[PDB]
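Data block below; observations after.
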Amino acid sequence: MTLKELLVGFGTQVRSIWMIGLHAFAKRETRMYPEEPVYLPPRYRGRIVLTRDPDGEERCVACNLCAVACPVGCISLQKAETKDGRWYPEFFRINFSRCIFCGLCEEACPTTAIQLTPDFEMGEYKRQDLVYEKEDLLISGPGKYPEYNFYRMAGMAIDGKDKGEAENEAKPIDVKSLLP
Amino acid sequence: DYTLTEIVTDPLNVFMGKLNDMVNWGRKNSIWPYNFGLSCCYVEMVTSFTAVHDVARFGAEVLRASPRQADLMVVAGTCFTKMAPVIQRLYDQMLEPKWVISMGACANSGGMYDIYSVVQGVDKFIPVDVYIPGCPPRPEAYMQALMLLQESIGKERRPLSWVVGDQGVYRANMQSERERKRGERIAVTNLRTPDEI
Amino acid sequence: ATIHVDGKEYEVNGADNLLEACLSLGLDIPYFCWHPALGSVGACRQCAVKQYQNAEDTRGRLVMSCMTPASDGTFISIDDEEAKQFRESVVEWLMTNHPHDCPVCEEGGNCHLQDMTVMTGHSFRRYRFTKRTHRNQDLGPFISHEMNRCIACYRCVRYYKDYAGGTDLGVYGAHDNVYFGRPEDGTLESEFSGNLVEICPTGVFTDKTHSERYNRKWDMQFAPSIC
Amino acid sequence: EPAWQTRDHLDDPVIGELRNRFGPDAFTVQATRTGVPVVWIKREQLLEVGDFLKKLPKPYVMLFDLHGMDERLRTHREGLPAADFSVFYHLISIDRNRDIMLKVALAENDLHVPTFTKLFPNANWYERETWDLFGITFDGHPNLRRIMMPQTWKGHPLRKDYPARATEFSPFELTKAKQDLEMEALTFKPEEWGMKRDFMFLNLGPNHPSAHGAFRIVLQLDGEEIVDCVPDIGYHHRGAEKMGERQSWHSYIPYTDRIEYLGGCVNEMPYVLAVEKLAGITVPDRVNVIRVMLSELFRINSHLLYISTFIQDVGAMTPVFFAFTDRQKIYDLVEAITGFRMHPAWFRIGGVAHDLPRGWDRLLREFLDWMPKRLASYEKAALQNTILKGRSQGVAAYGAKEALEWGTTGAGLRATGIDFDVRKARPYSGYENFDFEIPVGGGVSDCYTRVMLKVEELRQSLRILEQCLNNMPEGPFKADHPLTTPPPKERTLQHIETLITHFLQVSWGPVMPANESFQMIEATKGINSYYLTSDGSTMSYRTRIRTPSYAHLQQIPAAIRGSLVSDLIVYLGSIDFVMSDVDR
Ligand SMILES: CCCCCCCCCCC1=C(C)C(=O)C(OC)=C(OC)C1=O
Ligand code: SF4
Ligand code: SF4
Ligand code: SF4
Ligand code: SF4
Ligand code: SF4
Ligand code: FES
């Protein structure tokens, strides 16, 4: 081979050594997990929770929209009703061994009950323990949507909210009333 | 509360206990994963291997192309029907002690691919030590799984020699992380609104 | 008989009306107040098509297809822009007083009103005023009553009275306070009161026995069986 | 007339040429929303029609796609020839900047077509896959064997009567397949593999210690020289098209994410554009700008991965660490916007899932300041190294003729000097409003030439990001169409019409009216296309995904023959493929 290209190659190797050495003189780019906590943006799609309304009741009306919108089919729930007439989940289970954390259930929730939260540490020793029941999903507050209350908009009468007491609702006029 | 390979109690002289603790310390502080790329979960694994995450700090960066030298098999990807005998053969080629981490929903259960050409989870044919949910799990989830595996390794009993003592492997029955973190997870009230950064 | 729908020739039966003739051909006309067993009364005004006097006609006229006979040589258009806008307006007028109830309503996923709201392409609300409400009655152990969801399509009264021969269900009130139910709380006396849950296109009459252990229609496993 | 309007394309000169050559009754023109002339050709005239298109004055030189379709359950086939099955051939004329689909009808019993391998050599794998997934025989094919499923597979998975879900796992089948893998090297016959004839035989895979997947290559060797090589693919077959027949239009977006997993929103883009063609949705300009932003960010991510993987395959180990730090910066921005890292599933039918979060421009500005010095450092540290140039230059070269005849698109085709980028030739998603150049090669596609073209593409994507940051429109992030899935969330949460539309769209699915649409985009690795058939239902009747890695892997034996095995490793590292893209 040519001597000129040999000298060019030697100079290029020396230059590469020089850049790697100067990059050794640089600053570390490592975020030291777990001593340094990982920053997650507020809409990060991690662990799924069920949230509560500002009045403290659970937001889920067991409408099963998240379960059907799930492409993996890893949400199972059953509707139950209290004595006042509000709907709630009798049970709610998410199989997190199947869940792909796609956020379609949060997108499909009309009450903002189901939410994907910035939490990624969900490793488990047993796969059966990745099936999260309702006691593992229901949190103490409203999560990412602080003020929305579906039952303040719905037309059904529940405790503390009779007919005509929802948003943009008039009082019910009886057909027996004297006014035309 | 252990598992012998049957639910038995803790078998652990006091010098043998110290030797077992030293062996477990050396095993958990030096874990050599096998370089096996199935799907996108492997991309997040090797992302954890790089400079911005530095999985080398836990002593787990020596990524082996030979299953003989590897201690940890990270099934990180879909367990396809054509790839499942390859996975089983590579697991069989490993040496005791060997540990398995399912990374991602595909390796956990099949994930979104409940389809004709996918085996629904790698626990169908190999025993798994640590499962990671996610599609993909982020690199620090793989690091957290490594610490979970280290904590599981540090409380297991294995024979010091193949000629002296009980040769059974006693794996501890750990408390589930769901039950452990249920105290701090339910107490969460308010999160940051998604419209911010 | 011969009809021309959107410029396409069709051979139908002349004794039928236009809505049932077009539904028998696979054409999609939204409708509420018509039923194949109850006949046509032309209340809901949802089935509007544009009829022309002949082939060389451009103006036309909106007619109710449920009340228009499918006579020979009848020229109509379903996909006419004026007819589409009127059907969307009818769905919108029905939607002005409708409760925000679909997640907590037993007719969700099985709702004719949902299907026709989507079918008309109406998804933007420009009504900002209040919506009327109604008290509910107790109809017995079988039928649950939710009067807010009513669209005043009169199917229940026509079925229960003119078809089933029942006496205790009726329509009361006036202009936009029309009420459909019994004069007082009590069990529906007819032995065929349960068909109201399929006759009603909304969630007013619902299966209470199903509403105990409720699940949506897509979640059911069905089989063809004999009672 | 919008871009999604149903056209018959009878004004295309190819229709007039076909009428003047074969007569007016020799074929049937189908009106679609695919944007191409769709022509049903009789089976006995298929070879002469293909030859006539190959011998045009501005000929159709590339077979873009070739696949089957099971039409037995299709109810809305008005104006279509009677067909239990059909085979479509998508051909591209680069000089005309046009493309044509030819469809051959097939009866249920007579499932055989003449082979297309004589006219187009890249038809081999497409016909193998069509036989594998549909049972359609191709007469005259050299080795018509299964390519996705194993050879001991019963049935054809893409047929309508084939059960989509996973069968019950059995240890017996796993043990039998392990024994088959063990005795495969003992009872290897180089006749069923399409090979012929001191000739060593070696297996590279199936497991591979690299980031592009794990696949097996059977190598025939004369010493170090490669005499013949066939790839064993299908090891990463996820059944994505069959899942297209099983999900709704909205819930299939996460599956489109995982076609090639370095692309993300780049993979979401052709699917949502094709669904918007089916829905008649013209998205607003801010939607186009946001989707272009995310596509270019993920293009930079994928190109950084590709350059790092190539450099590590050559032998330098540090730039992969640095470019993974750069990928972390990109992932920070993408996590802020979409909420996820590599499978965002953020594109919606009619727009995107959310608006841009307040503060995204700071992260974009930080990345735009971070990137160019790092890219220059990568160039001066590894890409200008003479050892890397010696390992890369002159390795697996081909001209424009080989790139055209094998369907090679992306950086290889442009490294052969052919200036054919989808973002310029057939613009989509408002790419005409951005000023960016298309780098081209001198006429020879080396490994080094492909890598430097990808570097220049990275720089052009940085330029696109700069123009998008300086000029960001204000407006809606979703279209105002009734078929925008899902509707905007606040209107869903306080309006009953929007709640009804949301309820029916997320549960039963949006109803796409019966039509056929097609979208082709310039992905990170080549041309990625979605061909969508709707039978009027809430699910896709057919979801055909054309990926470029399939074509590049089929081009592999025609370019590496006569070379060494280290050259094969370098060629694998410089192709920019992932095995999920190959098998899908
Ligand atoms: C028998 C030959 C042994 C060669 C040395 C093997 C052990 C060192 C591996 C170094 C390494 C390589 C190459 C490497 O590519 C890599 O990235 C995935 C690492 O993790 C950060 C590594 O640690
Ligand atoms: S994030 Fe996606 S996969 Fe997970 S439960 Fe929700 S819809 Fe299902
Ligand atoms: S979509 Fe929301 S309200 Fe409906 S069942 Fe799911 S979590 Fe509950
Ligand atoms: S779990 Fe998701 S990210 Fe991981 S291999 Fe499967 S599709 Fe890829
Ligand atoms: S009757 Fe229909 S439109 Fe009305 S709340 Fe129930 S599901 Fe919704
Ligand atoms: S209660 Fe039902 S059937 Fe009766 S008028 Fe109202 S919507 Fe029609
Ligand atoms: S269906 Fe004709 S007006 Fe009601």
Side-chain angles (χ1 to χ4, degrees), chain A residues 63 72 97-102 154-156, chain B residues 32-33 35 37-51 53-56 60-66 69 75-80 102-113 118 132-138, chain C residues 91 94-95 97-118 146 148-151 200-206 216, chain D residues 209-211 236 238 240 254-255 257-259 261 308-309 312-313 315-318 320-321 324 340-343 496-497 499-501 503-504 580:
Chain A
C63 80
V72 195
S97 76
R98 279 274 186 182
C99 167
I100 67 163
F101 294 88
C102 74
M156 277 195 334
Chain B
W32 286 358
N35 196 33
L38 269 167
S39 285
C40 358
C41 275
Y42 173 77
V43 173
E44 289 269 69
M45 212 220 291
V46 300
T47 279
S48 79
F49 273 82
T50 43
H53 292 111
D54 202 15
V55 89
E61 89 275 0
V62 196
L63 206 42
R64 309 302 315 179
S66 172
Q69 305 140 352
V75 184
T78 328
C79 315
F80 316 95
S102 293
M103 173 183 219
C106 282
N108 288 337
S109 47
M112 63 215 281
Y113 295 110
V118 165
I132 317 155
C135 175
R138 67 177 303 119
Chain C
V91 140
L94 293 177
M95 263 319 124
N97 294 305
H98 201 66
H100 193 95
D101 256 11
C102 298
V104 281
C105 175
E106 286 97 349
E107 268 268 334
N110 205 19
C111 181
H112 189 50
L113 176 65
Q114 280 191 316
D115 295 331
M116 300 303 76
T117 305
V118 163
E146 190 79 30
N148 273 13
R149 295 159 193 170
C150 178
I151 62 181
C200 183
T202 69
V204 184
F205 300 107
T206 44
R216 307 269 184 200
Chain D
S210 179
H236 306 255
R238 272 158 163 172
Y255 291 93
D257 250 339
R258 284 109 178 138
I259 293 304
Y261 40 79
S308 312
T309 284
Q312 209 188 33
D313 287 357
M317 296 176 353
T318 312
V320 65
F321 291 90
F324 267 62
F340 220 64
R341 286 167 63 83
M342 85 172 32
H343 300 133
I496 180 57
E497 305 94 314
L499 180 76
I500 284 167
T501 310
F503 197 105
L504 281 190
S580 84

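Scope of the values below: all heavy atoms of this structure, side chains included, with no hydrogens, waters or symmetry mates. When a ligand or atom number is given, it counts from 1 through the structure's own listing order. Residue numbers start from 1 in every chain, and the chains themselves are labelled A, B, ... in the order their sequence lines are given, proteins ahead of strands.
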Inset, instruction - Could you tell me the separation between the CG atom of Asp54(B) and the CZ atom of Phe321(D), rounded to the nearest 0.5 Å? - result: 8.0 Å

Legend entry - Heavy-atom nearest neighbour of atom 7 (S) of ligand 4 within options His236(D), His343(D), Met112(B), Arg238(D): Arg238(D)

Inset, instruction - Determine yes or no for a side-chain-to-main-chain donor-acceptor pair under 3.5 angstrom, with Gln312(D) supplying the side chain and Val320(D) the backbone. - result: no

Legend entry - Taking every non-hydrogen atom, the tightest pair across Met342(D) and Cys40(B): SD-CB, 3.7 Å

Inset, instruction - Could you pull out the closest heavy-atom pair between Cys150(C) and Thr202(C), with the gap in Å? - result: CA-OG1, 4.2 Å

Inset, instruction - State, with a plain yes or no, whether a side-chain heavy atom of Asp257(D) is found less than 4.5 Å away from one of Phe340(D). - result: no

Inset, instruction - Please answer whether the main-chain N or O of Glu106(C) pairs with a side-chain N or O of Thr206(C) as donor and acceptor at a distance below 3.5 Å. - result: no

Legend entry - Distance (rounded to the nearest 0.5 Å) between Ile500(D) CD1 and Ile496(D) CD1: 4.0 Å

Inset, instruction - Working to the nearest 0.5 Å, report the span between CZ of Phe80(B) and OH of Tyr113(B). - result: 8.5 Å

Legend entry - Value rounded to 0.5 Å, distance of CD in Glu146(C) from CE in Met156(A): 7.0 Å

Inset, instruction - Only counting residues at least two apart or in another chain, list the ones meeting salt bridge (charged side-chain N to carboxylate O under 4.0 Å, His left out) with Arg258(D). - result: none

Legend entry - Pairwise distance OH(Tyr261(D)) to SG(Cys135(B)) - rounded to 0.5 angstrom: 13.0 Å

Legend entry - Count of N, O or S atoms belonging to protein, less than 2.8 Å from atom 2 (Fe) of ligand 5: 1

Are there any protein N or O atoms under 3.5 Å from the N or O atoms of ligand 1? List them with distances, or say none.
{"unit_1": "ligand 1", "atom_1": "15 (O)", "unit_2": "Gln312(D)", "atom_2": "NE2", "d": "3.2"}
{"unit_1": "ligand 1", "atom_1": "20 (O)", "unit_2": "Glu61(B)", "atom_2": "O", "d": "3.4"}
{"unit_1": "ligand 1", "atom_1": "23 (O)", "unit_2": "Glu61(B)", "atom_2": "O", "d": "3.0"}

Inset, instruction - Evaluate side-chain hydrogen bond (donor to acceptor under 3.5 Å, both in side chains) for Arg238(D) paired with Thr78(B), printing each intermediate quantity in order. - result: CA-CA 8 Å; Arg238(D) 272 158 163 172; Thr78(B) 328; 3.0 Å; yes

Inset, instruction - Test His98(C) against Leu113(C) for side chain to side chain contact (heavy atoms under 4.5 Å, CB included), laying out the working first. - result: CA-CA 10 Å; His98(C) 201 66; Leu113(C) 176 65; 3.4 Å; yes

Inset, instruction - Return the set of protein N, O or S atoms whose distance to atom 4 (Fe) of ligand 4 is under 2.8 Å, each given as residue and atom. - result: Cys41(B) SG

